[PDB]
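A.B. asks: Could you work out the structure for the sequence below:
(one chain, ligands or ions: 1)
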Amino acid sequence: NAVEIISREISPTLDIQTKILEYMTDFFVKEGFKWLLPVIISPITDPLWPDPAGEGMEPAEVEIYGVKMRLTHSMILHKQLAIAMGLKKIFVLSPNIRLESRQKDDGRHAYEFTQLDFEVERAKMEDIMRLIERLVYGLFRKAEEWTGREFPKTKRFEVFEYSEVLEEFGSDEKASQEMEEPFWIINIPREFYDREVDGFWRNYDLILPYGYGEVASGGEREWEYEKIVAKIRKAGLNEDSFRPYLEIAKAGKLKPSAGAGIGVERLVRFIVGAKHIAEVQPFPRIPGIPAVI
Ligand code: NA
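C.D. replies: Numbers count the residues shown, from 1 in each chain. There you are, the coordinates:
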């Protein structure tokens, strides 16, 4: 009900969201990153496949001036293109639209959400993981002041291989339920753009404790045409749906980089202790339920 949605009290949560957005955007600007504006419709987007976290659905699509456009799954390809433009360090507050099923309505997913999405030329996985640890520690100390509650105190998070998480816990979420500090999961076989080297994937997810689940994901990247297109073909994806990106790769303009996206609503939910992510959204976007507003 529309009247019901707008009769919720959410002012304290949005006051916290404002403090989080100010803190994070200020951090990246002061670190020397360029602040880019988002892409919403494009011929190319993140396939989100293969990916253990994904259902592999098609993006929303619309015809624009007679040409098929995809609503942004994520800006990953565009981040790589920004690095190809010589911009070195970039971030964006990026809307993502992912039409996941009701099976992903588990309290941490929304079908429309925002990532603070960033990328750094020539960075390695340890560089990005340490940068996120520095950001998160400082944020959690401020959150203690804002809320009057205690937050996790560790500064270097434990690291698990994805294969070990499957063996010990069964899933990323079961691991989250059993942990009291944030932790990393690394080496996850997934999309063509994440860098793979002789069976090892140079990638990482940050997982929150107390069952709150994933909050950030990233990797080092592939930049070579021959490697990228081999991965696309092996996965059975449509090469033509990546054509301009592949033209740029073939021309040699992609560079080595690494980065991550941080789910803003997920982070707000953690800091305020909300059971469901819909509680932190003025206009909920619940997987499998088309919003009335
Ligand atoms: Na290989």
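
A.B. asks: Residue 64: what's it in contact with?
C.D. replies: residue 41 (C-beta atoms under 8 Å, 6 or more residues apart in numbering). Where C-beta positions appear, they are placed from N, C-alpha and C, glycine not excepted.

A.B. asks: Specify the beta-bridge partners of it.
C.D. replies: Bridge pairing for residue 64 (DSSP bridges) gives the partners residue 67.

A.B. asks: shift numbering so it begins at 7
C.D. replies: Okay, residue one is now 7; in that scheme the one you just asked about reads as residue 70.

A.B. asks: What separation is there between it and residue 117?
C.D. replies: 21 Å (C-beta to C-beta, to the nearest Å).

A.B. asks: likewise residue 242?
C.D. replies: 25 Å.

A.B. asks: Grab the nearest non-local neighbour of the most centrally placed residue in the chain.
C.D. replies: For the chain, the residue nearest the mean C-alpha position is residue 267 (3.5 Å; C-alpha atoms, centre = their mean). Spatial nearest neighbour of residue 267, excluding adjacent residues (C-beta to C-beta, 6 or more residues apart in numbering): residue 121 at 3.6 Å.

A.B. asks: one step back: and residue 242 and residue 117? which has more neighbours close in?
C.D. replies: residue 117 (21 against 8; other C-beta atoms under 10 Å).

A.B. asks: sorry, back to before: pretty sure the residue nearest to residue 267 sits in a strand.
C.D. replies: Yes. Counting by DSSP: H, G, I helix; E, B strand; the rest coil, residue 121 is found in a strand.

A.B. asks: All the helices of this protein, residue numbers only.
C.D. replies: 8-12, 17-36, 82-90, 131-153, 168-174, 178-184, 231-240, 249-256, 270-278 (DSSP state H).

A.B. asks: Ok, which of the ones you listed comes nearest residue 162?
C.D. replies: The closest of the helices of the chain to residue 162 is helix 131-153. By C-beta to C-beta, the value is 6.2 Å.

A.B. asks: So which residues make contact with that closest one?
C.D. replies: So helix 131-153 is contacted by 22, 25-26, 29-30, 33, 37, 126, 155-159, 161-163, 188, 190, 192, 208-210, 212, 222, 224-226, 264-266, 268, 277-278 (C-beta under 8 Å, 6+ apart).

A.B. asks: Now list the buried members of those.
C.D. replies: 22, 25-26, 30, 33, 126, 157-158, 163, 188, 190, 192, 208-210, 212, 222, 224-226, 264-266, 268, 277-278 (16 or more other C-beta atoms under 10 Å).

A.B. asks: Just those: which are in strands?
C.D. replies: 126, 190, 192, 209-210, 212, 222, 224-226, 264-266, 268 (DSSP state E).

A.B. asks: Can you lay out the residues you listed as CSV showing distance to residue 183?
C.D. replies: CSV is the format used below for these (distance: C-beta to C-beta, whole Å):
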residue, distance to residue 183
126, 32
190, 17
192, 20
209, 23
210, 20
212, 16
222, 18
224, 23
225, 25
226, 29
264, 29
265, 28
266, 23
268, 21
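
A.B. asks: Pick out whichever of those residues sits closest to residue 201.
C.D. replies: Distance to residue 201 across those (C-beta to C-beta) is lowest for residue 226, with 4.0 Å.

A.B. asks: Any idea what that closest one is bridged to?
C.D. replies: residue 264.

A.B. asks: list the contacts for it?
C.D. replies: Applying C-beta under 8 Å, 6+ apart, one finds that residue 226 lies in contact with 129, 130, 131, 200, 201, 208, 209, 262, 263, 264.

A.B. asks: ditto for residue 210
C.D. replies: Contacts of residue 210 by C-beta under 8 Å, 6+ apart are 131, 134, 135, 190, 191, 192, 223, 224, 225, 266.

A.B. asks: The closest residue to the first one other than its chain neighbours and residue 50, how far apart?
C.D. replies: In space, residue 131 comes closest to residue 208 once its chain neighbours are excluded; the distance is 5.0 Å by C-beta to C-beta, 6+ apart. Spatial separation of residue 208 from residue 50 under the definition C-beta to C-beta is 23 Å.
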